[PDB]
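Before any comments, here is the structure.
There are 2 protein chains.
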Amino acid sequence: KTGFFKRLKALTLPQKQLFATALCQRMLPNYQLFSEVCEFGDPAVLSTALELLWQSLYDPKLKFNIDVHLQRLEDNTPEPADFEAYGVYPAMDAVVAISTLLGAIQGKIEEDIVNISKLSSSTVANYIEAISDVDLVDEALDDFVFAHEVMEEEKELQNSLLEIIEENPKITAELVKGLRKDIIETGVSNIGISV
Amino acid sequence: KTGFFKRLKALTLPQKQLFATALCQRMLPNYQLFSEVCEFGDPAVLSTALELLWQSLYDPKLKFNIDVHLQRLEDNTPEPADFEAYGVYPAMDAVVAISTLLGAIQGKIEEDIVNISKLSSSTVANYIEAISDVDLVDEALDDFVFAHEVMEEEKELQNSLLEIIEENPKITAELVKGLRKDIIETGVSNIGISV
Numbered sequence: 004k005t006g007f008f009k010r011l012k013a014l015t016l017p018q019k020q021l022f023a024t025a026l027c028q029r030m031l032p033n034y035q036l037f038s039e040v041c042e043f044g045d046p047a048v049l050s051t052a053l054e055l056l057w058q059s060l061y062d063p064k065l066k067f068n069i070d071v072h073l074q075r076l077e078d079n080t081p082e083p084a085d086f087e088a089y090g091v092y093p094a095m096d097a098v099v100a101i102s103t104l105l106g107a108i109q110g111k112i113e114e115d116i117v118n119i120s121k122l123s124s125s126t127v128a129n130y131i132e133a134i135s136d137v138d139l140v141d142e143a144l145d146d147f148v149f150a151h152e153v154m155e156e157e158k159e160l161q162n163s164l165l166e167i168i169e170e171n172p173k174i175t176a177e178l179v180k181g182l183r184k185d186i187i188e189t190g191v192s193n194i195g196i197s198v
Numbered sequence: 004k005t006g007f008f009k010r011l012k013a014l015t016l017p018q019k020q021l022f023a024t025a026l027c028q029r030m031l032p033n034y035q036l037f038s039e040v041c042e043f044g045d046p047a048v049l050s051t052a053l054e055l056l057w058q059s060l061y062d063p064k065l066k067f068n069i070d071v072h073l074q075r076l077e078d079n080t081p082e083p084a085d086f087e088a089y090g091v092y093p094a095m096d097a098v099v100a101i102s103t104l105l106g107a108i109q110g111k112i113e114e115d116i117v118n119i120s121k122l123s124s125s126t127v128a129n130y131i132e133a134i135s136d137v138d139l140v141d142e143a144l145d146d147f148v149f150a151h152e153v154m155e156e157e158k159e160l161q162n163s164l165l166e167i168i169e170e171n172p173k174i175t176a177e178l179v180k181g182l183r184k185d186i187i188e189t190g191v192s193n194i195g196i197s198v
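Line by line, the protein sequences give chains A and A'. A prime marks a further copy of an entry chain. To convert a position in the first sequence, counted from 1, into the authors' numbering, add 3. To convert a position in the second sequence, counted from 1, into the authors' numbering, add 3.
Written out as structure tokens, the structure reads:
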């Protein structure tokens, strides 16, 4: 088979944008949980941005002020210096993903859209590695990380998402709706958070 | 409905023993992973003990030297002072569960068998709480812990296991075999470890 990233890069811009939107939606619970527990920020800023990202995929007539959302997103991005709780990290990653995707859409920067894949997977590795405190490196570390079900799920979800998008030469309203509904109805983040 | 622990306590000794054996089997990957990564101990000591616990449920004619296994188990129980890696904790819990169950069988101590439930669930809470570093207590902490899919899975697996045992007035060979096969074929621990 061709490699995951060669396949991701072979997507059209709209296919990439769908993939990355779906991944960003999946991270939301992380921000929600952090915000509630650490009494920081406003999750509605992220959900509003998400709804506009979904609509951008349905509705070619859609226009909105990206910069104002980027600014609100940044205002709601926490500083790790300010929190002892680990949740600051996935929360930051969630808002920063949305910001990166909106910024990439604005600049038609396909690389950044593709890299939302790595952001999602790194959040999961960092979670696993946060606790572990092992001395492993390189392939041995990789195997150790993948022995954890949450990482295997990350891999499986990103692959399954890629497969459904790639079997469709163009994105369709039904495809966008169905992926959004699936992600939102599961309501479990890339690191297993549900609010 | 009646409470989980009232229902667990209402089990017969053999029903309890089955429940606890199944939970101990499920923890094995934790010991295996730690042992391999931290180059400590011998997982075959735990799997040998497990196979004898399974056989004890099939075969009323079965006898063996419990104390010698208890001693081998203790020889293979790591000291947290000796390891920086977090895995020492679930590994310890895995071997200590098996030791507690064998000890309870030897003394017909139903309480200790029932408490294998708490050992299993605490391993999962400690894993979640290890990373989190939150200030929450009491019910708020409980809700925070249950927002993590691994804990919800722990609850669901322990309930489902209890339900299948409790709907059978006595344990049967088919029941014991089927639970063992299910747990071993999944090969995912209470904290999501697969080797």
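In this text, a Cβ means the ideal position worked out from N, Cα and C, and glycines have one as well.
For residue j and residue i, the rounded distance between their alpha carbons
i: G190(A); j: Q35(A); result: 11 Å
i: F8(A); j: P17(A'); result: 53 Å
i: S125(A'); j: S135(A'); result: 15 Å
i: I101(A'); j: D141(A'); result: 29 Å
i: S197(A'); j: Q74(A); result: 43 Å
i: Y89(A'); j: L11(A'); result: 30 Å
i: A13(A); j: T80(A); result: 32 Å
i: residue 1(A'); j: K121(A'); result: Here chain A' comprises residues numbered 4 to 198, so residue 1(A') is not present and cannot be evaluated.
i: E188(A'); j: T24(A'); result: 15 Å
i: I108(A); j: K180(A); result: 19 Å
i: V137(A); j: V117(A'); result: 33 Å
i: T5(A'); j: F147(A'); result: 24 Å
i: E166(A'); j: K111(A'); result: 23 Å
i: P83(A'); j: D185(A'); result: 31 Å
i: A133(A'); j: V153(A'); result: 14 Å
i: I168(A'); j: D115(A'); result: 18 Å
i: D145(A'); j: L139(A'); result: 9 Å
i: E39(A'); j: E39(A); result: 39 Å
Same chain, Cβ closer than 7 Å to residue i, neighbours up to 5 away in sequence not counted
i: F86(A); result: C41
i: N171(A); result: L178
i: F149(A); result: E155
i: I119(A'); result: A23, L26, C27, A100, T103 and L104
i: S163(A'); result: none
i: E113(A'); result: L16 and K19
i: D78(A'); result: none
Buried versus exposed call for residue i [16 or more other C-beta atoms within 10 Å across all chains shown]
i: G44(A); result: buried
i: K66(A'); result: exposed
i: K19(A); result: buried
i: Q28(A); result: buried
i: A143(A); result: exposed
i: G195(A'); result: buried
Where the alpha helix (DSSP H) through residue i begins and ends
i: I167(A'); result: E152 to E169
i: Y61(A); result: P46 to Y61
i: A94(A'); result: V91 to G110
i: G181(A'); result: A176 to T189
i: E113(A); result: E113 to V117
i: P81(A); result: Careful: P81(A) lies outside any alpha helix (DSSP H) and carries neither H nor E.
i: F43(A'); result: Neither: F43(A') is in no alpha helix (DSSP H) and is coded neither H nor E.
i: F147(A'); result: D141 to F149
i: residue 252(A'); result: Lying before the first or after the last residue shown, residue 252(A') is absent from chain A', which here runs from 4 to 198.
i: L11(A); result: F7 to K12
Cutoff 8 Å; reference residue i; Cβ partners in own chain excluding five residues on either side
i: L105(A); result: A52, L56, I69, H72, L73 and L76
i: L31(A'); result: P46, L49, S50, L53, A97 and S192
i: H151(A); result: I131
i: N33(A'); result: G90, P93, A94, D96, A97, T126, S192, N193, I194 and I196
i: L21(A); result: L60, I168, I174, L178, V179 and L182
Contacts of residue i in chain C (Cβ-Cβ under 7 Å)
i: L144(A); result: Judged by its chain identifiers, the structure shown contains no chain C, and its protein chains are A and A'.
Residues of its chain near residue i, where Cβ-Cβ distance is below 6 Å and the 5 sequence neighbours each way are ignored
i: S123(A); result: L26 and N193
i: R183(A'); result: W57
i: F37(A'); result: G90 and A94
- Query: Any chance the stretch 151-164 of chain A sits against the stretch 89-108 of chain A, with 3 or more Cβ pairs inside 8 Å?
  - Reply: no
- Query: Can you find at least 3 beta carbon pairs, one from the stretch 176-194 of chain A' and one from the stretch 53-64 of chain A', that sit closer than 8 Å?
  - Reply: yes
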